[PDB]
Amino acid sequence: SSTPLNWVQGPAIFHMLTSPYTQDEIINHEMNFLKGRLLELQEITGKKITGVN
Amino acid sequence: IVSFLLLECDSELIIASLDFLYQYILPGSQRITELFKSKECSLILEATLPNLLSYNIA
Amino acid sequence: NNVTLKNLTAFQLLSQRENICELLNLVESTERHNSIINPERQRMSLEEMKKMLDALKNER
Amino acid sequence: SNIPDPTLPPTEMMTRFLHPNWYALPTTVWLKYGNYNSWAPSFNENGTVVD
Amino acid sequence: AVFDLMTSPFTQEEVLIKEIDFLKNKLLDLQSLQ
């Protein structure tokens, strides 16, 4: 292979049980998911984040 | 666009109009003349800009 | 006041069915067509227009 | 077992069930700019299903 | 959450860093919305 590739376990994609098509419930559950995933990844990596609330 | 400037209850629209006018009159002086050639634009700017100075600052 | 998929599809289908049933002349919509036209309202509006026109004519 | 008796409330299944066919799709917004502001954008239809 | 095995000229570390950046910006935007 002229371009060496790697096996990359990709990023977690947000998946809600009931998709309500409006932005209110979506934004609530999405903020929760974002904070949770940021915490998980900060635990995985040797780094820190700013603005996590 | 200057009429859009004349509104009061939409900060984002006013900022967009002001950014457009800034980019318009920015390169030189002939565009300033073309802008103030119209009597309506001149009157609205003259009545609006000083009141926009004291916009929502109590 | 709320719009869901069911409401939208029902509204569109109702409009289509009404139009087609009107093509075959299977519907009598005199009440709607005369509440929208409202010939009484037509006469009222015409007399109002006449009065306004006379007012504008006599002010000179 | 931990399974309760069939006579104990509640006893209904679809008490808080919502089918996607009623999920309140997005539509127009109908903004209102004062009273004498007629040269103003009245709608805001960005992610609407119907115009 | 869903994880999809993929392939790219990057490494796991750079991908995680890009994910951190994107998620941080998105959370900042969602917070600024309210």
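Cβ sites come from the backbone with ideal geometry, for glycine too, and all protein chains shown count toward neighbours. All of the numbers you see were taken from the coordinates with simple rules; none came from a lab.
Here are some notes:
- Vicinal HN-Hα couplings computed from phi for region D:42-51 (Karplus, 6.51 cos²θ - 1.76 cosθ + 1.60; Hz; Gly/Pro x): 7, 9, 8, 10, 9, x, 7, 7, 10, 6
- Backbone HN-Hα couplings from phi across region D:33-40 [Karplus 6.51/-1.76/1.60, Hz, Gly and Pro as x]: 9, x, 10, 9, 9, 9, 7, 10
- With Cα atoms, 0 to 90° folded angle of helix A:23-44 axis to chain A main axis: 40 degrees
- Helix-only mean residue ellipticity at 222 nm for chain C, each DSSP H run of n ≥ 4 adding -39500 (n - 2.57), per residue, nearest 500: -26000 deg cm²/dmol
- The fewest-to-most ranking of C:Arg41, C:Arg60 by surrounding Cβ atoms within 10 Å reads C:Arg60, C:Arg41.
- Helix-only mean residue ellipticity at 222 nm for chain A, each DSSP H run of n ≥ 4 adding -39500 (n - 2.57), per residue, nearest 500: -14500 deg cm²/dmol
- The value obtained for chain C, namely the Cα convex hull volume divided by the number of residues, is 156 Å³ per residue.
- Cα gyration tensor shape of chain A, rounded if a/c is under 1.5, else prolate or oblate by comparing a/b with b/c: oblate
- The dipole here belongs to chain C: it is taken about the Cα centre, uses +1 on the Cβ of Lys and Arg and -1 on the Cβ of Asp and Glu, and is about 200 debye.
- Three semi-axes of the equivalent ellipsoid, the protein assembly as shown, Cα gyration tensor, whole Å, largest first: 52, 41, 20
- Helical contribution to [θ] at 222 nm, DSSP H n ≥ 4, -39,500 (n - 2.57), averaged over chain B, rounded to 500: -22500 deg cm²/dmol
- Per-residue Cβ neighbour rank within 10 angstrom, fewest leading, C:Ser45, B:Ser54, D:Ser1, B:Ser17: D:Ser1, B:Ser54, C:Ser45, B:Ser17
- Other-chain or far-sequence residues with amide H under 5 Å of E:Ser8's (modelled H): A:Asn6, A:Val8
- Exposure here means at most 10 other Cβ atoms within 10 Å; with GluC sites (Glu not before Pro) in a DSSP loop as sites, the longest stretch of chain C lacking them is C:29-58.
- Karplus-based coupling profile of region C:9-25, in residue order and whole Hz: 4, 4, 5, 5, 5, 5, 4, 4, 5, 4, 4, 5, 4, 6, 4, 7, 6, with θ = phi - 60° in 6.51 cos²θ - 1.76 cosθ + 1.60 and x standing for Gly or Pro.
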